[PDB]
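Accompanying notes for the structure given below.
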Amino acid sequence: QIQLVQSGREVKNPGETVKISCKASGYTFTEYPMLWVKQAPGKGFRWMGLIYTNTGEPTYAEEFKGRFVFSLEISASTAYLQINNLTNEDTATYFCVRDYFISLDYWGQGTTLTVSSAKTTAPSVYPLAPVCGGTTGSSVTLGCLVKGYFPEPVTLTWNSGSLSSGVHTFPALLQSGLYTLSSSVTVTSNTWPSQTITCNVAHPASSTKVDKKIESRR
Amino acid sequence: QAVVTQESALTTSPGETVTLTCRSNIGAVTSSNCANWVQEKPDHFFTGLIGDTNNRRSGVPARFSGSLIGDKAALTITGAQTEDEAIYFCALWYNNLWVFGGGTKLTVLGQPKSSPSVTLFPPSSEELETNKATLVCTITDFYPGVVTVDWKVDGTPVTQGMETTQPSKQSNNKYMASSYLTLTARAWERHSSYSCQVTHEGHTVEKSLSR
Amino acid sequence: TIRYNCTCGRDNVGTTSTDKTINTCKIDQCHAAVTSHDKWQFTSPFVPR
């Protein structure tokens with residue numbers, strides 16, 4: 001029952017290398033040869049290889065002969081996909097999986113790959129909270145944008161750990177030479193304007209970490 | 001090598017479910033080729049409901065069936081509801097491992113469209129004291145697939161520098177995004193008439209600035 | 001005839017023209033060879049029994 005407890009969208013140089021992990025949690029990858037494959041983003045998954053259970057070495061895909069490489073973080077029966085020859089066309093998804101019945105029986109996470117140049121900065125907090133007039137109903141409007149993830153991204157949830165539901169955090173967007181990672185939320189009006197959710201955007205690949213509380217619009 | 005010469009889409013509906021007869025571009029169907037239907041959603045992860053040509057999947061309701069069907073792999077999103085449809089990768093693992101083929105996008109009855117949950121706040125004051133303005137009309141929890149942006153630039157709809165949020169499968173289960181109507185400090189400072197018009201499903205609605 | 005071997009499960013140790021299951025053991029934690037009968041193999045050098 002493999003869940004690839006892995007990383008997300010790692011970023012690289014042109015030609016350079018980086019290892020995106022997937023330690024196998026949920027099922028027994030210590031005897032499980034489980035897929036740690038790439039992701040051609042238009043079609044979906046990418047056959048980049050499986051990782052044998054006992055020894056920890058992969059078998060590598062034919063199109064994965066190239067970027068993806070095998071390693072075995074086998075402390076829960078897991079691995080890691082190495083990245084060599086960081087491409088101009090290598091920007092794309094990645095996945096893990098582990099099961100029996102020679103198809104992989106469960107499909108874990110993986111993460112995206114940003115093989116491209118960027119700036120030296122992350123997205124930074126600008127709040128879109130309820131106004132000096134209104135910002136109150138049954139609830140008010142709240143949200144944020146960590147703008148300027150270059151090299152990105154910033155992940156933005158609402159209430160920053162003390163709240164997870166109710167923050168509709170949108171994806172980082174590619175505009176102005178940055179990633180814009182932020183969101184909206186039906187924020188509290190019977191909670192606010194006293195008590196708010198400290199909506200946070202976190203991205204240490206550019207060194208941004210901005211949480212905005214229940215802040216006044218005026 | 002092979003192909004899943006079949007439904008690269010599926011046709012599932014309320015009262016039923018769609019069984020993609022992903023016909024053989026590899027050969028006949030079989031459980032040894034492991035022609036499966038790995039279901040997926042927004043959040044993009046393929047997950048197993050029917051696989052190995054006779055096996056069910058764990059966490060699956062009665063919405064699935066995995067075999068060789070027609071003259072190929074047969075992937076049934078069969079029992080499509082609001083929890084019973086998905087986009088499935090076409091499981092091909094001929095004693096090696098189940099990788100993607102064509103994969104059938106089986107539907108299900110559900111997801112009623114209802115107008116975009118617009119959250120209306122102004123842009124940042126340090127955005128205004130830093131020579132910008134991006135006044136946030138966010139359309140979250142929205143239905144159907146219809147987003148209306150009325151970037152009231154100079155008061156009337158003008159597209160001088162405005163910015164949209166991103167479409168995503170969010171916690172509303174549906175369409176959602178932000179939108180900062182875009183003015184400068186003085187470019188959106190001499191005019192404080194900024195407009196964000198949020199439109200759900202062919203219907204428009206207006207929001208003007210405060211301050 | 002199968003001539004299996006146990007790594008994860010001794011049902012991986014399999015003699016059979018009859019199939020079974022292994023869980024959590026491929027090559028690397030299984031064993032399989034071709035161990036059958038119907039032949040008195042007289043003079044097999046260079047491939048030991």
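Letters A, B, ... go to the chains of the structure tokens in the order shown; residues in each chain start at 1; ligands are counted from 1 in the same order.
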Neighbours of chain C in chain A at 8 Å, counting only C-alpha atoms, as a list in words =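 Contact residues on the first chain: residues 28, 29, 30, 31, 32, 33, 52, 53, 54, 55 and 100 of chain A.
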Chain B residues near chain A (7 Å cut-off, only C-alpha atoms) as a list in words =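 Matching residues, ligands excluded from the count: residues 34, 45, 46, 47, 48, 52, 93, 95, 96, 97, 98, 99, 100, 119, 120, 121, 122, 123, 124, 136, 138, 140, 166, 168, 170, 171, 177, 178 and 210 of chain B.
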What would the file look like if the residues just selected were written as a CSV table (one decimal), in the first residue's frame with C-alpha atoms?
```
chain,number,residue,atom,x,y,z
B,34,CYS,CA,-2.5,-5.4,-16.3
B,45,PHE,CA,-2.8,12.1,-8.6
B,46,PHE,CA,-3.7,8.8,-10.3
B,47,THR,CA,-5.1,6.3,-7.8
B,48,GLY,CA,-6.1,2.7,-8.0
B,52,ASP,CA,-4.3,-6.1,-12.6
B,93,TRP,CA,2.1,-3.5,-16.9
B,95,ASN,CA,4.9,-8.2,-16.1
B,96,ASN,CA,6.9,-5.0,-15.6
B,97,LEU,CA,4.9,-2.2,-13.9
B,98,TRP,CA,1.7,-0.4,-14.4
B,99,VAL,CA,2.5,2.8,-16.3
B,100,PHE,CA,0.1,5.1,-18.2
B,119,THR,CA,-14.5,38.2,-1.9
B,120,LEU,CA,-14.0,41.9,-2.2
B,121,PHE,CA,-11.1,43.7,-0.6
B,122,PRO,CA,-9.0,46.6,-1.6
B,123,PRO,CA,-5.3,46.3,-2.5
B,124,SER,CA,-2.5,46.9,0.0
B,136,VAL,CA,-8.8,41.8,-5.0
B,138,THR,CA,-11.7,36.7,-5.7
B,140,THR,CA,-13.9,31.0,-5.0
B,166,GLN,CA,-5.5,31.2,-11.0
B,168,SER,CA,-7.9,25.6,-9.5
B,170,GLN,CA,-10.3,24.2,-4.6
B,171,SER,CA,-12.1,23.5,-1.3
B,177,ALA,CA,-9.3,32.3,-8.3
B,178,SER,CA,-8.3,35.8,-7.4
B,210,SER,CA,-13.1,52.1,-1.1
```
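Non-sequential neighbours of range 210-214 of chain A (distance at most 7 Å, separation of 6 or more positions within a chain, only C-alpha atoms) are residues 124, 125, 127, 160, 192, 193, 195, 196, 197, 198, 199, 200, 201 and 202 of chain A.
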Within 7 Å of residue 155 in chain B, counting only C-alpha atoms, which residues qualify if same-chain residues fewer than 3 places away don't, as a PyMOL selection string?
-> chain B and resi 152+193-195
For residue 20 in chain C, work out the shell of residues within 9 Å, counting only C-alpha atoms and skipping chain neighbours fewer than 4 positions away, then give it as a VMD selection string.
-> chain C and resid 11 to 12 14
Please produce a file of the residues just selected, as a PDB file, in the first residue's frame, where the atoms kept are C-alpha atoms.
```
ATOM      1  CA  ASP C  11       5.420 -20.113  -0.123  1.00  0.00           C
ATOM      2  CA  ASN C  12       8.059 -18.481  -2.259  1.00  0.00           C
ATOM      3  CA  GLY C  14       7.486 -23.393  -4.448  1.00  0.00           C
TER       4      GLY C  14
END
```
Do you know which residues are at most 10 Å from residue 173 in chain B counting only C-alpha atoms, after dropping those on the same chain fewer than 6 positions away, and could you put them as a VMD selection string?
-> chain B and resid 42 111 140 to 143
Same residues, N, CA and C atoms, saved as a PDB file, in the first residue's frame:
```
ATOM      1  N   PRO B  42      -8.643  16.694  -9.993  1.00  0.00           N
ATOM      2  CA  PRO B  42      -7.804  17.856  -9.661  1.00  0.00           C
ATOM      3  C   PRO B  42      -7.014  17.588  -8.386  1.00  0.00           C
ATOM      4  N   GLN B 111     -21.956  18.129  -9.282  1.00  0.00           N
ATOM      5  CA  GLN B 111     -21.336  19.445  -9.402  1.00  0.00           C
ATOM      6  C   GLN B 111     -22.298  20.484  -9.964  1.00  0.00           C
ATOM      7  N   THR B 140     -14.113  32.347  -5.602  1.00  0.00           N
ATOM      8  CA  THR B 140     -13.861  31.030  -5.045  1.00  0.00           C
ATOM      9  C   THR B 140     -15.181  30.338  -4.731  1.00  0.00           C
ATOM     10  N   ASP B 141     -15.135  29.000  -4.755  1.00  0.00           N
ATOM     11  CA  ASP B 141     -16.299  28.152  -4.501  1.00  0.00           C
ATOM     12  C   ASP B 141     -17.337  28.274  -5.610  1.00  0.00           C
ATOM     13  N   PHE B 142     -16.878  28.632  -6.798  1.00  0.00           N
ATOM     14  CA  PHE B 142     -17.754  29.087  -7.861  1.00  0.00           C
ATOM     15  C   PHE B 142     -18.194  27.914  -8.714  1.00  0.00           C
ATOM     16  N   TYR B 143     -19.341  28.082  -9.334  1.00  0.00           N
ATOM     17  CA  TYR B 143     -19.854  27.106 -10.274  1.00  0.00           C
ATOM     18  C   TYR B 143     -20.646  27.865 -11.330  1.00  0.00           C
TER      19      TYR B 143
END
```
For residue 6 in chain B, list every protein, DNA or RNA residue within 10 Å, evaluated using only C-alpha atoms, and leave out those in the same chain fewer than 5 positions away; present the list as a ChimeraX atom specification.
-> /B:20-25,70-74,90,101-104
Could you tell me, as a VMD selection string, which residues of range 62-211 of chain A DSSP assigns to strand (DSSP E or B) when given the backbone?
-> chain A and resid 68 to 71 79 to 83 92 to 98 107 113 to 115 124 to 127 139 to 149 155 to 157 160 163 167 to 175 178 to 188 199 to 203 208 to 211
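Taking CA of residue 190 in chain A and CA of residue 117 in chain B as endpoints, the distance between them is 18.1 Å.
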Which is closest to residue 62 in chain A among B:13, B:135, B:200, B:1, if we use only C-alpha atoms?
->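 Nearest candidate to residue 62 in chain A out of B:13, B:135, B:200, B:1: B:1.
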